[PDB]
């Protein structure tokens, strides 16, 4: 167990092996700097002086970020074998004000009640992709992980604060956070904001944190068929090819003429 910084061209099989062994990693140059700027600009345009879904606020988020090949290559190998389809769970902007204290160390899957039935050898209930807007430093509250704690049994006490390993990222790097990885944001002891944005996916049989059916139709039709399924507009296929999120007998996209 150890925090690994790997390049963008790392083989997918190496990321999964590091994910199983260490429970987290950082994929550098996950997004290019211009995509990092576009999503912040689009969010700033929407909430120009209340924030809603990131896919509603940012065209780059729903058209570019949610089509990221790394997110889908990882999610396919993590959820595919057991659950079949996956879809978008939630997405937020992670903005730390200067002077913010250390966030409590937690696992993301704690709000799944079925996580208590889960065993550390089972596939994760959700996975998070935390992408850096500003740089992440140990002093501005960058996310801290506890490599290997994803294998701890249910009910294991949170890691001690001294066992937390800060994650250092340039803008565009991504930290991969499976739902079982103990982690928390640090205390921003600097004068500037530490800003990041995240995506999360989970099995299609799980209800997402966010619904996207308040989004206008043109916003939906400009999405790829993959992102449309991610955001809850297409019927999902379980591993047995039994279908959930159906429209009576047929597909939801056929009933809505997507």
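Residue numbers count along the first chain shown, from 1.
Visitor: Hey, how big is the hole between residue 191 and residue 192 in terms of deposited residues without coordinates: none, 1 to 3, 4 to 9, or 10 or more?
Guide: Going from residue 191 to residue 192, the model skips no residues of the deposited sequence.
Visitor: Per the record, averaged over C-alpha atoms, which has the higher B-factor: 204 to 212 or 61 to 69?
Guide: Comparing averages over the C-alpha atoms only gives 61 to 69.
Visitor: If you take the mean CA temperature factor per stretch, which one wins between 107 to 115 and 155 to 163?
Guide: In the deposited entry, the stretch with the higher C-alpha B-factor mean is 155 to 163.
Visitor: Out of 224, 49, 199, 34, which one has a C-alpha B factor higher than all the others in the entry?
Guide: Checking the PDB record, the top C-alpha B-factor among 224, 49, 199, 34 is at 49.
Visitor: Considering every modelled residue of the chain and its Cα B-factor in the PDB entry, is residue 125 in the lowest, middle or highest third?
Guide: Its C-alpha B-factor, which the entry lists for residue 125, ranks in the lowest third among residues of this chain.
Visitor: Could you say whether, by C-alpha temperature factor, residue 234 belongs to the lowest, middle or highest third of its chain?
Guide: Lowest third, going by the recorded CA B-factors of the chain.
Visitor: Name the third of the chain's ranked CA B-factors that contains residue 180, choosing lowest, middle or highest.
Guide: Its C-alpha B-factor, which the entry lists for residue 180, ranks in the lowest third among residues of this chain.
Visitor: Which third of the chain holds residue 247 when residues are ordered by C-alpha B factor: lowest, middle or highest?
Guide: Residue 247: CA B-factor falls in the highest third of its chain.
Visitor: When the modelled residues of the chain are sorted by Cα temperature factor, does residue 54 land in the lowest, middle or highest third?
Guide: According to the entry, residue 54 has a C-alpha B-factor in the chain's middle third.
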